[PDB]
Amino acid sequence: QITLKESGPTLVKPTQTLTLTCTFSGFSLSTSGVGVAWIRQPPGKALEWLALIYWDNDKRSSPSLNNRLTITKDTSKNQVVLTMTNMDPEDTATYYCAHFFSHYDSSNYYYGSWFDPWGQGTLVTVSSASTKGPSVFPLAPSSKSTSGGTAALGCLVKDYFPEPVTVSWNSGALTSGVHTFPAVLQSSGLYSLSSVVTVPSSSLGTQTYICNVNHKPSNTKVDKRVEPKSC
Amino acid sequence: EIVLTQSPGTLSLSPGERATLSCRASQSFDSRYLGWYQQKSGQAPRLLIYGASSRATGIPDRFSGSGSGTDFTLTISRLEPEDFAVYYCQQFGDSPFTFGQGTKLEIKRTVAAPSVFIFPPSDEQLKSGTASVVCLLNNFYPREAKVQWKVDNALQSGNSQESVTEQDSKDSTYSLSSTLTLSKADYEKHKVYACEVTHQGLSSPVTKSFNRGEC
Amino acid sequence: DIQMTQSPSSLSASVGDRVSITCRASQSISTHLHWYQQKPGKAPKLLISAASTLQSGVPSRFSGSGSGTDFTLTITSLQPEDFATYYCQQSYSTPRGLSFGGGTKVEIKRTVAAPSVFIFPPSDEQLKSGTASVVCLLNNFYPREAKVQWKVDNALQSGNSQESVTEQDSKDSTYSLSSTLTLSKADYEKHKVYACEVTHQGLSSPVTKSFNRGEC
Amino acid sequence: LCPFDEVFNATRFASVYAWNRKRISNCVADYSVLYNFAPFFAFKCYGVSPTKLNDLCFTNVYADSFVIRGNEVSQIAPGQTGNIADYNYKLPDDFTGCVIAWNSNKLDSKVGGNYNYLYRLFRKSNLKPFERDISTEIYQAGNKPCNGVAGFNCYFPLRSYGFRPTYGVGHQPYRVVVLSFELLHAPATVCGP
Amino acid sequence: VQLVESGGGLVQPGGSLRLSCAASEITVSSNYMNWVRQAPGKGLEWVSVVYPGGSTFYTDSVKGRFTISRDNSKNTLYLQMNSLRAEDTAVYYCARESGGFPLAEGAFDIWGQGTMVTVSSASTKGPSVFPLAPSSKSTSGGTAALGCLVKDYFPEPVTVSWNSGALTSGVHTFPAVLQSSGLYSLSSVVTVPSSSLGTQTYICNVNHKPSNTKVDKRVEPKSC
Ligand SMILES: *[C@@H]1O[C@H](CO)[C@@H](O)[C@H](O)[C@H]1NC(C)=O
């Protein structure tokens with residue numbers, strides 16, 4: 001069993017240079033056929049292989065990204081350093097470092113190769129913006145008496161950067177009917193999401209609902225209560 | 001550059017039946033250069049099959065792979081509920097090494113009618129200077145559902161965003177949120193705010209309205 | 001000992017249609033495959049090298065793809081001057097095993113036209129010399145493949161027939177076929193009824209062109 | 001005792017056009033390691049015999065190492081013709097010593113091709129025995145001078161092997177070590193135990 | 001770059017021949033030079049190769065009877081052929097291997113025009129001409145066929161014309177066929193309207209060059 005952990009600055013400004021370090025245990029970059037490959041997956045898009053370094057210092061890189069890619073190895077400390085220069089604000093993705101190996105059997109026949117287990121994955125975002133604490137708006141239910149005995153309420157969180165924001169309801173007591181939508185990037189380069197829970201209509205007046213959102217980069221904790229309102 | 005095309009784009013089936021995925025290559029390479037990887041929701045990809053016919057260590061025998069020339073396929077038989085993920089075909093023939101666009105394996109179930117509720121901006125967002133109205137679709141299937149914003153029955157476009165929640169773990173349904181954002185003058189220059197839901201689960205498209213002046 | 005097979009042997013298409021030709025080897029030869037073009041009466045011209053590399057001065061419509069045991073030659077905009085023959089040649093076998101393919105012929109596509117079938121009996125001038133030549137002539141048939149048979153008084157002769165075909169015409173784009181039988185004096189003074197049988201796709205029914213020596 | 005492991009157990013060999021050469025003297029030369037080595041696709045010996053070279057003493061042992069294709073392994077032999085024999089590595093007809101070749105698809109083949117091994121395709125004349133030509137000058141294949149411009153019939157004289165793992169056995173990479181034994185009138189130094 | 005082939009011709013079985021290839025703009029003794037043969041109507045077949053350094057390789061069928069050489073004085077390539085046989089009847093090309101601007105190994109970028117070598121003992125003679133009259137038909141849709149059969153001749157080429165070359169409507173010629181006797185046969189035919197069989201006179205002219213036989217014959221129809 002081998003492991004790979006990626007570390008480094010997860011936030012990089014435009015036209016800057018990122019340096020991601022993959023520390024790997026369970027294998028050494030000095031064996032035959034062993035390699036380390038950096039791959040990136042944009043959010044909601046397919047995987048894209050970036051670079052691959054070998055045991056004998058041979059390196060391959062994507063031709064469309066060859067100019068601004070540089071990958072180096074430190075065998076003594078079991079590290080792979082990937083440097084990416086002139087970052088545009090689309091390069092936001094999740095980067096993985098993976099072990100690369102092939103399979104022969106006593107005659108050098110090469111029954112294929114693969115990417116041995118991948119890394120945890122580091123989210124890297126590019127933006128020429130500043131950190132900003134989130135704001136919470138109570139999305140209250142409409143004035144309905146029964147309407148089938150089912151309504152919904154929740155909290156809309158805006159103006160936070162970067163991901164993620166930890167959302168809990170009633171200090172985690174209530175979890176049924178909870179939908180926490182993924183963050184959406186607005187046209188202003190700013191983040192927002194909504195967390196909505198469905199509750200029976202009869203429970204509007206006999207229950208109080210508190211939503212708590214935690215933002216580590218801004219270290220902001222916001223607790224907001226949502227109650228029904230009438231016309 | 002070798003281009004890999006997968007089929008189908010989405011595959012919705014319940015546990016028990018058979019699943020088949022196809023990957024076609026723009027060029028021809030040795031079959032030992034193709035592999036299949038699995039990636040769960042909110043996880044990282046992991047090797048499933050290498051050499052297009054060799055199961056990775058620990059992979060259940062339900063997974064099989066076969067292909068030649070420019071066509072390969074991955075076959076699953078006993079796809080139990082934990083076996084629902086996104087599958088990628090990848091090639092090692094020519095640099096750069098490329099992955100397929102992926103195939104999502106969805107859970108087949110009965111067609112559900114989306115419960116569509118509304119949430120107008122609060123007073124805090126009324127003094128924030130920029131307003132947003134959010135209408136929600138809950139517990140529907142399939143994910144395909146068209147939302148439509150109407151400001152005094154006017155076809156709004158481009159000023160609103162959408163966010164669809166992935167398939168639920170228990171009921172295997174979806175949730176969608178449409179957020180229409182406006183400036184204070186735009187918010188206050190009109191009266192009726194409505195959203196429209198079109199879905200297979202609904203017999204006919206369903207409108208729903210509200211009035212800021214009345215409520 | 002590597003043998004290359006080209007498919008199809010013949011391929012008819014009009015101007016503007018994308019055309020593909022496949023070359024398959026008996027064993028993997030990596031990318032040591034080359035595509036040559038040859039017009040009749042001229043030397044072959046190298047089009048595609050290393051199974052993917054376009055040569056200098058060649059239109060970009062020609063394209064090579066594939067590797068291992070399968071290779072493809074593709075034309076996108078097929079100009080009227082590109083109806084030549086194409087060969088695949090491998091350079092994998094080391095000692096003397098450089099070999100060419102059988103060659104795929106590319107030629108125009110037109111509407112099917114039925115032929116006109118005639119019979120030429122041998123002449124008295126040729127008869128005086130102890131040799132007899134009996135000819136059946138097919139004029140303006142399409143497509144090229146057709147069946148010709150020689151019924152000498154309802155006898156299906158074989159082994160004594162020589163067949164020739166014209167190159168594709170530049171005016172009507174049809175073909176002409178000549179079938180000849182060489183015979184001695186007894187061979188022509190033993191029988192009575194001579195006929196050539198034509199079976200062609202453009203013919204609704206098989207056609208017999210017959211005659212009798214005594215009457216004519 | 002200077003063994004043959006530092007050359008056989010090498011992380012990277014040399015291209016055939018720039019084959020590596022190591023001298024060996026003032027040692028005890030055993031050859032059980034050669035038998036203990038890889039499946040040994042080829043182990044042939046001219047002049048000496050496999051069970052004879054262990055006994056007689058030699059003044060010097062010259063070890064030439066390189067990587068070639070499996071098709072050209074037969075070209076490493078006295079009195080042979082071919083591209084490798086003519087322009088990369090020529091063995092004399094009077095060659096005394098012997099040749100070891102073994103498949104190394106694991107090490108010298110990589111996905112997408114290993115372009116680190118080169119061979120010389122163009123040369124006006126045949127190489128002399130045990131000659132080296134490491135120069136990289138544009139080959140003038142016609143009347144028009146090149147003047148350092150590789151245009152039309154003016155070519156770079158070195159080309160890389162493919163060396164992909166999926167290649168056939170004929171085109172797979174093979175490592176080759178050639179041992180030349182010298183027993184000149186000078187007192188011999190290298191002999192077995 | 002021009003490669004001009006010369007020395008082709010016809011020889012008796014078991015004879016010898018010498019083929020020359022004069023090169024321009026390229027040095028023969030500096031390029032991989034190949035001889036490739038193509039049988040009439042058949043596909044290409046590699047025959048021999050010579051390396052820039054002097055090494056020569058031959059196919060199995062020609063080993064022991066073929067020799068390939070260069071000449072740096074006249075900058076020429078030479079193919080000496082011995083013990084020739086009917087399998088050697090083909091058009092020969094001298095070609096440059098591993099050239100072209102991309103420098104593709106094993107590919108013949110530059111080809112010569114090729115010369116024809118024939119191996120037969122037919123004792124070259126002249127052609128026989130046999131008329132082929134239109135059938136005893138009235139109109140048959142206003143389409144009649146007539147022609148002239150040139151048979152029992154050797155070798156090729158041969159020329160056939162109608163009305164001294166003044167007739168081209170419906171004119172068709174067919175490639176000569178090698179019969180079992182070593183001679184050749186073919187027919188030259190013309191499609192003419194039915195009404196043209198009465199007044200205008202039609203002739204066929206046949207020219208055979210080695211026998212220098214120039215024969216002009218007449219084609220008339222006959223009644224049954
Ligand atoms: C060194 O060579 C010996 C052969 O005696 C072999 O057993 C061993 O695996 C080799 N080790 C390395 C690191 O190449």
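The first residue you see is number 1, and the count goes up from there.
If you check the header, you will see the structure was determined by electron microscopy, 2.3 Å.
Cβ atoms are placed via backbone N, Cα and C, with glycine included.
Secondary structure from DSSP puts D:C2 (disulfide bond) in coil. Per Swiss-Prot, the feature disulfide bond maps to D:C2-D:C27 (among others); the stated evidence is experimental evidence.
Under the three-state DSSP scheme, D:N9 (N-linked glycosylation site) falls in the coil class. In this chain, no residue six or more apart from D:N9 (N-linked glycosylation site) has a CB-CB distance below 8 Å. What Swiss-Prot lists as N-linked glycosylation site is D:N9, and the listing cites experimental evidence.
Long-range Cβ neighbours of D:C98 (disulfide bond) (same chain, at least 6 residues apart, Cβ-Cβ under 8 Å): D:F43, D:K44, D:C45, D:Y46, D:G47, D:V48, D:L53, D:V178, D:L179. Residues or ranges marked as disulfide bond in Swiss-Prot: D:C45-D:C98 (among others).
What Swiss-Prot lists as disulfide bond is D:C57-D:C191 (among others). Annotation note: D:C57 (disulfide bond) sits in a coil segment as assigned by DSSP. Within the same chain, residues at least six positions away from D:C57 (disulfide bond) with a Cβ under 8 Å of its Cβ are D:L183, D:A188, D:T189, D:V190, D:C191.
Annotation comment: Swiss-Prot describes D:114-122 as region 'Immunodominant HLA epitope recognized by the CD8+', evidence class experimental evidence. Residues 12, 15-18, 67-68, 83-84, 87-88, 108, 133, 139, 141, 155, 157-164, 173 of the same chain, all 6+ positions outside the region 'Immunodominant HLA epitope recognized by the CD8+' (D:114-122), place their C-beta atoms under 8 angstroms from a C-beta of that stretch.
D:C154 (disulfide bond) carries a strand DSSP state (E or B). D:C154 (disulfide bond): 19 other CB atoms within 10 A of its CB, across all protein chains. Feature annotation from Swiss-Prot assigns disulfide bond to D:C146-D:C154 (among others).
Long-range Cβ neighbours of D:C146 (disulfide bond) (same chain, at least 6 residues apart, Cβ-Cβ under 8 Å): D:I138, D:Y139, D:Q140, D:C154. Listed in sequence order, D:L1, D:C2, D:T189, D:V190 are the same-chain residues at least 6 apart in sequence whose CB falls under 8 Å from the CB of D:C27 (disulfide bond).
Secondary structure at D:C146 (disulfide bond), taken from DSSP and collapsed to helix, strand or coil, is coil. For ligand 1, the recorded positions lying close by, meaning a CB under 6 A from one of its atoms, are D:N9; the full candidate list was D:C2, D:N9, D:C45, D:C98, D:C146. Secondary structure counts, DSSP: the region 'Immunodominant HLA epitope recognized by the CD8+' (D:114-122) has 0 helix, 3 strand, 6 coil. The Cβ neighbour count for D:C191 (disulfide bond), using a 10 Å radius over every protein chain in view, is 16.
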